[PDB]
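Engineer: Model the structure of this input:
(chains A, B, C, D, E, F, G and H)
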Amino acid sequence: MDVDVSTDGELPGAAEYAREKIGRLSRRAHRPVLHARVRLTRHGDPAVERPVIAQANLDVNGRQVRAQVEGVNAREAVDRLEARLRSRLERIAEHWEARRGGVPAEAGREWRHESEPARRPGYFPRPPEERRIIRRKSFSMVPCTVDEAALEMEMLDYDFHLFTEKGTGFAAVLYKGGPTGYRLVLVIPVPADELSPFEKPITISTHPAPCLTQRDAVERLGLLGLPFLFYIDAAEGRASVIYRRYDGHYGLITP
RNA sequence: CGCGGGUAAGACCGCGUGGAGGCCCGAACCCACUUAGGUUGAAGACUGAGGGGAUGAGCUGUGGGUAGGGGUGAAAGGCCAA
RNA sequence: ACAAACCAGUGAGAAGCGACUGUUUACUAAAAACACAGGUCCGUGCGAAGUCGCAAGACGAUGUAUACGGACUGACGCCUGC
RNA sequence: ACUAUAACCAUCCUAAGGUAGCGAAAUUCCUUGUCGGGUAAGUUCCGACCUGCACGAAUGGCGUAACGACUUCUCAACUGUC
RNA sequence: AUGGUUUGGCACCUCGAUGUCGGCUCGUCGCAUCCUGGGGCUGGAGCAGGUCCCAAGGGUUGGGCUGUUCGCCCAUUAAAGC
RNA sequence: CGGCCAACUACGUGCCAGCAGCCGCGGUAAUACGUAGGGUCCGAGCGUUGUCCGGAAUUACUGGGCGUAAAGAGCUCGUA
RNA sequence: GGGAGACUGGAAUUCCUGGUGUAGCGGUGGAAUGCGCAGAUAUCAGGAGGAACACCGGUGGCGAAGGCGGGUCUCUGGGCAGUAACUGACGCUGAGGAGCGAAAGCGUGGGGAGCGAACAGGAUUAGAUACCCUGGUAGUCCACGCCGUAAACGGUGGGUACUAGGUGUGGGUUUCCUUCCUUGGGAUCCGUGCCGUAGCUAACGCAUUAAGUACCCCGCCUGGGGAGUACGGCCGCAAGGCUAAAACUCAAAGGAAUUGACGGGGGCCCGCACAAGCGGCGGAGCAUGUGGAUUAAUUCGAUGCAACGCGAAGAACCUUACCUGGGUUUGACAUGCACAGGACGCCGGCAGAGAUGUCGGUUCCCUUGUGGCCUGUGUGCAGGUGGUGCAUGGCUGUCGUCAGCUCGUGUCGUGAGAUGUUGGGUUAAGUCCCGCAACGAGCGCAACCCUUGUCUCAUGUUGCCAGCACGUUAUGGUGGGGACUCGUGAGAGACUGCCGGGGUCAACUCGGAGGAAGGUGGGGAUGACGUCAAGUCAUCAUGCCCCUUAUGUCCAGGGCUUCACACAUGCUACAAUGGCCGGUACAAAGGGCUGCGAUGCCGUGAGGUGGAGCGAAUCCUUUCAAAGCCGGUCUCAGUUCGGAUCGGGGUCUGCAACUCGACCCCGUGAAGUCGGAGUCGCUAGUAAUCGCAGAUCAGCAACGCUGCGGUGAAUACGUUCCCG
RNA sequence: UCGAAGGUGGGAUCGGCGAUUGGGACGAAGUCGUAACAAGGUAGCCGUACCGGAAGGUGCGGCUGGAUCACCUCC
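Structural biologist: Numbering: from 1, shown residues only, chains lettered A, B, ... in the order given. And now the structure:
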């Protein structure tokens, strides 16, 4: 490390002492230092109790660390400047050991500015305690085609819709298939040829709607995280679509 | 163990009965620490003064067992007929 | 001169070693050496492990892991690091 | 920040580099180490320093009441040891 | 240049045996003299020394520490000889 | 003779010499240092030191307190 | 869930055994030690063992306190309510004393799944005896005993009586709604919380569960350290516990609350702050400034933003304040008190580097009292870029053109202080609206000013020329003309003015029409209270101190330009989006009298001669430019790039270009191949790039500064990170 | 007989010195670190135990005299 000292007036021996005292702080800086300068001045007025003024500037990897002290002589000023610079460099570290106690920790305990925001679902929580099923629509079970079902979707502003298919005579549910288009799920999977003709670009889910109970359906919805579950009820034997409502209850659509 | 004091009861504290201990002093008995004598000796390991243990891991009597590259050894290369 | 003869503890302070009573080179060494009560580790599930025996057989033990054998250390106190 | 040492740092090597405790000691050659006590005079003794040639934790480390025909130093009495 | 009083060198001397240091007791000899005795010069004023010649008749202490010889110390003494 | 605490200016000096009961004054322009004027309090006296009481309700009987300033025993039973 | 004892239940962790089964598992902010490939992790079945008891489960219950919940049984303590049968003050407190007393720790004997001091490695770090990771001994567990400490806290000793209430919740008795289901409600006793009177307190706060009003008893305190320490004593196996000083030292240590400041606290916002981009710096040569070194001197000031092409808008001499040397002293220059005068003053010669000295010619007008000049003699005095910007004024920077900073009266608090200035919304804004113990006001914001973008009226010279004539190439050049520009006077025009929609029908906001311009149109001038003892005693002034035969003053020469290095700001480049040559088209602004200076002529070219015309809308700076466009050539090379350095020859200014000017000509032809860590500027006529002009100026170090125009981009998803 | 003084002996108690050695107070500027105060960058403190050049670290139990928890849609 190389230091330049720009003294002023009569300060014999201050330059060497300041150089050798400040150059020892290179190991303290955790990043390479560049062009570290020091300046010594003396107050002309004898009325000042601490006439000597010392200033130091270091460029630690682009970060400017500067300090300034007053003293009665060159030696005291240089020593105080060294202590001040050491404290500043300690507060500057920014390496992991010095930035590990401020990084957000745990999952829910403690909150910080950069702590990860809580993931909130669209629905009101309404935990399993008194969740209940307080919405049961049975809008339409008149047979429809894919295009007619899509239009019945669109003006209802509902992502999924349960109807009964024209060609099959079976219950089916359409939903937005994402970027792939739309997706159709039937109680028993059938190919497109048996399905009534359509013009919208859709795809058919190959899996069949399984048979399961109400509590099992709620458990599957909870452990599978889908926006809804389409299934054949075990007791009823017919189609059913459960979705988490906008109040936290489950919306069971039945024929 | 008993009596008394003490306490709610004790703990505990005094006074007695008791006779424990590889306990103390010290004869027989068993050892052998010091010194002097002896050193062609009274004696092929003793004597005179002192000395240690002396109810025990004690001493001793009679009978018996372990045998040589083996015995036995509170361990010294000790003893196993000077 | 009155424990008149014989008989019959010298005492105190400190340090080292070994806790202590004991044992040891019969015949130049009795000690700080051996042993000891206590501690730890290892082996042994039962004619055990170990030992004496070519084998039978025997001790271990007429015992059974709170028992037996081997090794080191040596009361007791504070400990026993890598 | 006088001088001194070095709380501290760097480096090589190892499996690890001796912690507690003690130290001119039954270990220390230099050595009759240096200081204090004891004596008129103390190479022995006691207390301390640590520079441990070459202490050190069950080949145990440091202490310890009681005990010792063990070793060393001092005192009082006592005496033909003188 | 002397000496064989110091450590040495050789190994002629003894392994069918010549005690190895100090201390005690008892000596004898040399002088390269510590005191006493006789002188010289003094950088000897006297005192007292310094130093050097002659001189071996006599004398040349008791203790502390250490096994000590050696050595240091304590009191003396005419001196505390080699 | 800065404020407590009556009584201010000039010169000399400059973190020195020094002052001081406390707070605190000496850093070329000090009403706090030294000297001069001026002033004030006392006056055959004036100040300093030493000791006791008061102010000190600062051992609180008159006349104090204990949540956070010092202060409720860790909690009960019970002898005088 | 008060305590003790005994028996016993399930989930889960660990380990073992046996199947299926592969190549990873585990761990972190990221990894590595570690485990596994000899079969791990995962999954199933079985077995062994230890500890703790999910849900119930809470500011809910019990207990004197510590503390106490898997289930069942046995033994046992306390409390509450009602009846009031019973005894009849037997009550309260309690020095010492005894007992209980979390966790950790100690002793003996067991047990040991998980966790885990100590201890190992792994990781982070400049260093990690730590935080994080992999293992892991005591211990945590049981039995019998020790110790006797805790933030053992409600930091609040025990008993009693009284002093507004409101509302949760636990337990028990009873009256009335009455279904009598129902926290129905009421009354009452005993607990346990929250809010709030009076009252108390320094305040925070307590407030029927007192920290209120009083009575009885006990414990404890007398400033902070030294110190709950030493000595002595008691207890303890030990760790240690209890009782418990002094010397010395400090002038404070403390409790509550207020205003700031700060935070690796939170929330809401801004800014080329970041993000997306474009061009750079840091690498090379040169110009400039600074540090350091050097020197006789390298004059002085300026040290992050906010010093470092700054004071310096012009250092050869002068400047100049520094050095060497030479002179000078009422002085280089002012003004007053005096004595003598007619000269001061000039002009030539000589000596000197010059200052200066000397020589030669010239000599006052008033008016009699003297005045103007200087001489010397003097005497007051001048003169200091000598010190102190921590004594100052004035001037300036900066936070920051950010939106904030205060005051009057009122109100609250003992007081510092608080409200207003906070809250919701909105804005570029403390801008505004709605609320509000506040009502108003001031400096700040905005507006009023300049420029710029459109139009109207006025306006024609030196400015335009559209329609008419003359023109000679040479063109508004010339007569003429207001028509279009332009020049400069007045005015209009943007005001959410209008419409539609959000909006508390409020501020304000989104879109649309119109217009040249739409929402402070674009850019300026303007910088609140103050901060940083910021800068300036060197623009100037100035209190105090200092020099005064000198730190004043005159002159010559030199220095400020020195250079083994370091930092900063810029310029030129490293080339083909280019170099060179030829042709050719478009600006704005500004300057000019002892200055701009043309035509012509002479030089290759700086330049020389010469002087037309101009105090300038006229003449000159050329009619003005360069990038640009067209044509030719070069062909990816240290080159036809780059220009440094050096040799020679000249011009101009200046008394004088050696130290130390610029430019011109010939030759010479270095580094340099797009530049590490890091870092800067910029949101549109902007960055980038090209040229022109001005100040200072005899000449220039100008590549610097201040302006003018030419050509003219990319990107902005959005505030997580950096700075303010 | 009692009896002052004196002699002998073992203890008590109060002080002084003491080689070496422990801690305390203060000292602008020395060396090594960042422990605490803003969540002080690992919340702090109390009792206890172990470890470490040093502040300190960790284990068990306890206390708040510890900071923050945006947004939060149903109603």
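Engineer: At the contact with RNA strand F, which residues of the stretch 1-150 of chain A appear?
Structural biologist: A:46-47, A:49 (CB under 7 Å from any atom of the strand). Heads up, the C-betas are built off the backbone N, CA and C, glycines and all.
Engineer: Buried by neighbour count, from those: which ones?
Structural biologist: Listed as buried from these is no entry at all; burial here means 16 or more other CB atoms under 10 Å.
Engineer: Neighbours of the residue in the stretch 101-250 of chain A that RNA strand F sits nearest to, how many?
Structural biologist: Residue nearest to RNA strand F within the stretch 101-250 of chain A: residue A:110 (27.9 Å; CB to the nearest atom of the strand). Residue A:110: 9 surrounding residues under other CB atoms under 10 Å.
Engineer: swap in residue A:228?
Structural biologist: Residues within reach of residue A:228, counting by other CB under 10 Å, total 18.
Engineer: Wait, it touches residue A:243, no?
Structural biologist: Yes: between residue A:228 and residue A:243 there is a contact under CB atoms under 8 Å: 4.0 Å.
Engineer: was I right about residue A:152 contacting residue A:144?
Structural biologist: Yes: counting by CB under 8 Å, residue A:152 does reach residue A:144; the two are 6.7 Å apart.
Engineer: Find residues that contact each of the two.
Structural biologist: Counting by CB atoms under 8 Å, 6 or more residues apart in numbering, the shared contacts of residue A:152 and residue A:144 are residue A:163.
Engineer: These two - which one has more neighbours?
Structural biologist: Set residue A:152 next to residue A:144 and count neighbours by other CB under 10 Å: residue A:144 wins out with 20 against 17.
Engineer: dump the residue contacts of the more buried one.
Structural biologist: So residue A:144 contacts A:152, A:163-166 (CB under 8 Å, 6+ apart).
Engineer: What about those residues, which are in strands?
Structural biologist: Those of the contacts of residue A:144 mapping onto strands are A:163-164, per DSSP state E.
Engineer: from the contacts of residue A:144, which would you call buried?
Structural biologist: If we count by 16+ other CB under 10 Å, the contacts of residue A:144 have these buried: A:152, A:163-166.
Engineer: Tell me the one among these nearest to RNA strand H.
Structural biologist: Distances from RNA strand H to the buried ones among the contacts of residue A:144, taken by CB to the nearest atom of the strand, are shortest for residue A:152, at 24.6 Å.
Engineer: Point me to the helix or strand that includes the closest residue to the closest one other than its chain neighbours.
Structural biologist: Distance criterion CB to CB, 6 or more residues apart in numbering; nearest residue to residue A:152, sequence neighbours excluded, is residue A:161 at 6.3 Å. Residue A:161 is part of strand A:160-164, with elements assigned from DSSP states H and E.
Engineer: Show me what that strand is packed against.
Structural biologist: Under the contact definition 3 or more CB pairs under 8 Å, 6 or more residues apart in numbering; DSSP states H and E, strand A:160-164 sits against helix A:146-156, strand A:171-176, strand A:239-244.
Engineer: TSV please, covering those and showing distance to residue A:14.
Structural biologist: Shown next, in TSV, are the helices and strands packed on strand A:160-164 (distance: least, CB to CB, whole Å):
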stretch	distance to residue A:14
helix A:146-156	84
strand A:171-176	78
strand A:239-244	76
